[PDB]
Amino acid sequence: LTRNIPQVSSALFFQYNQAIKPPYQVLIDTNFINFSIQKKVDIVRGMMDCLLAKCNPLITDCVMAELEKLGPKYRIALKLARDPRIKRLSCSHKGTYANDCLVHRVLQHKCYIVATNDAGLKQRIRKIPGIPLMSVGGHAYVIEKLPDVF
Amino acid sequence: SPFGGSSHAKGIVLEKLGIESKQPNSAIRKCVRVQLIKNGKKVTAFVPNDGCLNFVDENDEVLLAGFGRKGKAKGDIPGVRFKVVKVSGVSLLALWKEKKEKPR
Amino acid sequence: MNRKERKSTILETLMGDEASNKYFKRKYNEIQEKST
Amino acid sequence: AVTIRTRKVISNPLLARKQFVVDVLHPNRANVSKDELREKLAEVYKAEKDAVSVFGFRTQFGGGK
Amino acid sequence: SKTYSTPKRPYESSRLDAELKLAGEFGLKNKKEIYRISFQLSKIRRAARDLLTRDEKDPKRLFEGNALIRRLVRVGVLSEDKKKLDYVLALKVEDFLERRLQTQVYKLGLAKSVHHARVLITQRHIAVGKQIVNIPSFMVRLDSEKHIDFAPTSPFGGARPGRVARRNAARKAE
Amino acid sequence: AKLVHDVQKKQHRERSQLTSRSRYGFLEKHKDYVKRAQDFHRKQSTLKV
Amino acid sequence: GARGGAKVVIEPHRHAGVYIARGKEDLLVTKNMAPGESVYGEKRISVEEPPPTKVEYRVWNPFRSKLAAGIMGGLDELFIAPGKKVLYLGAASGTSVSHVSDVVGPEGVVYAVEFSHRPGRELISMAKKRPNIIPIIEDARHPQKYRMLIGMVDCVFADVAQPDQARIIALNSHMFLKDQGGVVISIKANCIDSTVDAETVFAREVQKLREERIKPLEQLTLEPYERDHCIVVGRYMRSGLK
Amino acid sequence: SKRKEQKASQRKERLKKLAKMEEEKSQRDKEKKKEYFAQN
Amino acid sequence: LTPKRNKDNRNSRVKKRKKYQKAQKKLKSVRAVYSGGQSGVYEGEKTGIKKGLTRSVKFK
Amino acid sequence: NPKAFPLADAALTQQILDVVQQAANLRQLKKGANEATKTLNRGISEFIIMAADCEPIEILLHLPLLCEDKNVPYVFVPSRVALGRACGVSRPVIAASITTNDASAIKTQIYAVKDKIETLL
RNA sequence: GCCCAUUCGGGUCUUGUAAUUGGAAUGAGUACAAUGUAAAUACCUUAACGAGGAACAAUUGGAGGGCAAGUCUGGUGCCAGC
Ligand SMILES: [Zn+2]
């Protein structure tokens, strides 16, 4: 009888997560792009101004499907998120739901940082241990649990 | 702010409120009636540790400060906003850990 | 392992040495004394 | 055994002096004992032991010079 | 002056485990040492961010970035191949505080542990060439990395033996 | 521990059984009483069911 | 412990083909195909069966074999069953291919490819002994020049030490692996990228797999035996990826 | 046997720790749910 | 009238050492960290291998 | 196609054997053929060096079959007496090895050397 | 016997208690002397002294317990609370 308890991924400390070297990989998602636009900050230069390090953004196919699905009010968001500076993942699961796609994607790798803004996703991300989220705030970004913010 | 602008106010104790409380180290045992001098009024202060309640007796020129509960307790009374921090020149924390000596 | 020590089963292999017998006698005697 | 070594020597006949910087190197002793230093410096120059003067000493950290 | 700065929050789980791991790994005294090294790292790469966000071929970016990388390769936290400005952006606190004299003499050998390294170089034994250094937080430059040896006026080098050894030699030769 | 001393929370040792009644010894304190009484209550309850 | 002469029970494991050897301290043990000769110097259990016959078993030293550490750390399912055909990208020498061979058994085959030459002659001198393996001494980056001699393998496995790991396994699996078939790769982080660290390079490699149509399903790290490798198990979907 | 009783003994203190934690969390949330309504 | 304080608590460098090497030995109980590898000859895995346990994180 | 194929030219020779002398002064080097193969089949070996003019060549040619099986780089050097002068020892050592150690201050030069010789091979 | 995770689970002598115990290195000090300085102190030097509880005695808080032939309040025995 096969039980399955996932081991704590061995590039993690107690909660320090030494696998997050300063060239970062972030996970952009949908209402974070929308709030970045309606707070009028940029994306790559905004992340650089918040983290003082070179950040590579990533968007998944599930989040791109959500951004296409949300209609023509966010054509600015879609034109911004088809940026050649960002990269793109490729998901393989059923149901384009950004929340469980994101939190599954990060809890089986523990190396991405999650750039989110909605309440349930922030709650699940800060529930699971040792991955940093960032969010919009005022006219800049804000990091929640990176060990070296400065 | 809770008394004009100052954070601390010298005061005169009227009487040890609740000496006849039978349960030792209780809320109604650990109160004193302080006459605030800055505007001449009554207030009920909350000296910690009934074993060190009995340093202050009567017009011991006591110095109050706020209390600020960091939660909710079992049988603590509300209404007391003031704790004793210094009595007659010395600090009663230092008196209770018996470093200094109360002068008279 | 030496040829005079390769016993027919691991029970006699565990009986064949000394430190395990020492620990077993003192631990078993302490257990009987604790039960009484 | 100690040594002394002068550097940055400039003549100055406006006072008929020679002024310089003095590096004394003592491997294990404490310091170079200014009177004995003064007679040694007047010996290596042509001076008096009365016409030679040294004042601004400081032993650098860790000892030795 | 005010070198060290308090972080954006000092009571947090990930920060607490960060200071625990760094302190117990590089043999550190308190949080002020990590905060000083972290502060000056943050200051130099905050200065590097502006030189990045302005354009190339500006004389400011050109010779100020050359000045910054010359200073950082002189300290030694940047390798000889990555001599361009965004690796300064990709710097990290670990290979920046690794060049302190405590960790550096432990890596050089001659100490058998980081804590023994710290207690001997504060017991005044290790001299970089000629100068006896009695302080840990040195950030030894790259050129003087091979001049680390026991100082000659210290009984792990070749001086007279210490007071414990010669007192025991006296009252064991009696 | 909020505001107490260690001399305020020192240890109280328990007194022995008197030598005058040492034949039926081992004076029986409160913890041994409650371990007797709950056992007797359980035996009485299973007897009554 | 576990000296030569003790009596050890041989219990079967979940992955059919391998066995647990439970003595006073446990072992992982595969049933030897050619009895009588160890191949890289490992110890051998030797049981008797009733005409008296005597069959032997080999231990599986996880500090010197890759997938043994994944087996002992506990993978949900491999694809190396006792009947399948198994391709072995980066077969170094006999030291793991003999274990995969005698897991596979006398019916299935193991096609072991290798690019270097001196491990090639060692692999051939081992390969003459047991018959269920095929030694190929060709580069794993060119699956069109040993397409003549193999066909339609049922699970591939990968230990190659090149930074085009995903391209190697993608080309070999498109050319040879059947649909709904397994692919077990073993990435070495410090080998394929020295700059960025382990979890980032693992996520980049598993993203390259799910771009090359292997749907991954297991990631194990095998930390107490080797440092910073990982075992990534995947299926080859090709039809109905999601 | 004694390993089991030691695990049960420390399970009692884990239970008391969770009791204190849930009591503090419940009083904090019943403060927050009326601070959410004192804007009326 | 103070509590009994600690010789470990005196020097902060020591308390930030005896906290680390405990927490160094703590995470031999949440992961299985690399400890040099095959030190002697292979004496078996020496502490128990169980069948019905898979410590592999799976892809949802 | 000789038997000592990855023979290093002059500048790469000089940098790998000053890395050798830094390792010998940092106590991180194993000197000699049989200690080299012992540390090689123990596993702690960053890379190994042989000398391509020992009077029997096979007494260190036995090291390729171990090292390229256990996936560790190996380099021939055209002078055993120069490698002896590099290791800092009287007699000419013909097969040296660098142990693996992440508490050694020549990790950067070791990795630069290892990348150069993996590109060489 | 240890440690970790809402619980049953996981992992480990490579884990704790013992002056069993050994010698080495020191500066706080103390101090000849020299140094600095208008003179003198301090630092920088430095002979001779200067460590085991290194008692040559680091504090300030905070979270929990547990113990009686003891005390007190309440009640639906042997309980609940302070
Ligand atoms: Zn998706």
# chains A, B, ... in the order shown; residues from 1 in each chain; ligands from 1
$ residues_near_ligand --ligand "ligand 1" --cutoff "6 Å" --atoms "only C-alpha atoms (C1' of nucleotides) and all ligand atoms" --output "ChimeraX atom specification"
/A:60-62,91,96,101
$ interface_residues --of "chain B" --to "chain K" --cutoff "12 Å" --atoms "only C-alpha atoms (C1' of nucleotides)" --output "PyMOL selection string"
chain B and resi 21-27+74-76
$ write_last_selection --atoms "N, CA, C and O atoms" --output "mmCIF file, in the first residue's frame"
data_model
loop_
_atom_site.group_PDB
_atom_site.id
_atom_site.type_symbol
_atom_site.label_atom_id
_atom_site.label_comp_id
_atom_site.auth_asym_id
_atom_site.auth_seq_id
_atom_site.Cartn_x
_atom_site.Cartn_y
_atom_site.Cartn_z
ATOM 1 N N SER B 21 -9.568 40.955 50.293
ATOM 2 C CA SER B 21 -9.791 39.915 49.301
ATOM 3 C C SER B 21 -9.054 38.659 49.719
ATOM 4 O O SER B 21 -7.840 38.689 49.932
ATOM 5 N N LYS B 22 -9.782 37.556 49.834
ATOM 6 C CA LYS B 22 -9.186 36.356 50.393
ATOM 7 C C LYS B 22 -8.264 35.667 49.403
ATOM 8 O O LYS B 22 -7.257 35.084 49.807
ATOM 9 N N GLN B 23 -8.567 35.733 48.122
ATOM 10 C CA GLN B 23 -7.762 35.024 47.140
ATOM 11 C C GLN B 23 -6.476 35.794 46.886
ATOM 12 O O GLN B 23 -6.535 36.919 46.382
ATOM 13 N N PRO B 24 -5.314 35.243 47.219
ATOM 14 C CA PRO B 24 -4.071 35.998 47.062
ATOM 15 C C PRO B 24 -3.694 36.133 45.600
ATOM 16 O O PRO B 24 -3.956 35.242 44.790
ATOM 17 N N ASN B 25 -3.077 37.275 45.282
ATOM 18 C CA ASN B 25 -2.730 37.699 43.925
ATOM 19 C C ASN B 25 -3.955 37.680 43.019
ATOM 20 O O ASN B 25 -4.057 36.916 42.063
ATOM 21 N N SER B 26 -4.903 38.536 43.356
ATOM 22 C CA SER B 26 -6.103 38.686 42.563
ATOM 23 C C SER B 26 -6.263 40.146 42.180
ATOM 24 O O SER B 26 -5.589 41.030 42.717
ATOM 25 N N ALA B 27 -7.168 40.373 41.229
ATOM 26 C CA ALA B 27 -7.339 41.701 40.659
ATOM 27 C C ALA B 27 -7.863 42.681 41.695
ATOM 28 O O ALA B 27 -7.330 43.783 41.841
ATOM 29 N N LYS B 74 -7.840 35.782 32.597
ATOM 30 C CA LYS B 74 -8.881 34.927 33.156
ATOM 31 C C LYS B 74 -9.845 35.717 34.033
ATOM 32 O O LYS B 74 -11.046 35.785 33.753
ATOM 33 N N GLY B 75 -9.334 36.318 35.103
ATOM 34 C CA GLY B 75 -10.185 37.026 36.037
ATOM 35 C C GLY B 75 -9.769 38.462 36.261
ATOM 36 O O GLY B 75 -10.068 39.046 37.306
ATOM 37 N N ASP B 76 -9.073 39.039 35.288
ATOM 38 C CA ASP B 76 -8.675 40.433 35.384
ATOM 39 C C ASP B 76 -9.887 41.337 35.241
ATOM 40 O O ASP B 76 -10.761 41.102 34.406
#
$ closest_atom_pairs --of "chain A" --to "chain G" --cutoff "6 Å" --atoms "only C-alpha atoms" --output "Markdown table"
| residue | atom | partner | partner_atom | distance |
| --- | --- | --- | --- | --- |
| A:92 | CA | G:242 | CA | 5.3 |
| A:93 | CA | G:242 | CA | 5.2 |
| A:94 | CA | G:242 | CA | 5.9 |
| A:111 | CA | G:199 | CA | 5.8 |
$ write_last_selection --atoms "C-alpha atoms" --output "PDB file, in the first residue's frame"
ATOM      1  CA  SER A  92      -0.309  20.222 -18.549  1.00  0.00           C
ATOM      2  CA  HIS A  93      -3.377  19.800 -16.339  1.00  0.00           C
ATOM      3  CA  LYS A  94      -7.143  19.972 -16.700  1.00  0.00           C
ATOM      4  CA  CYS A 111      12.398  27.923  -6.352  1.00  0.00           C
TER       5      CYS A 111
END
$ interface_residues --of "chain J" --to "chain I" --cutoff "12 Å" --atoms "only C-alpha atoms" --output "list in words"
residues 39, 41, 42, 43, 44, 100, 101 and 102 of chain J
$ atom_distance --atom1 "CA of residue 25 (chain J)" --atom2 "CA of residue 89 (chain J)"
11.4 Å
$ select_by_dssp --residues "region 6-149 of chain A" --states "strand (DSSP E or B)" --output "number ranges by chain"
A: 24-28, 55-59, 87-88, 113-115, 133-137, 140-143
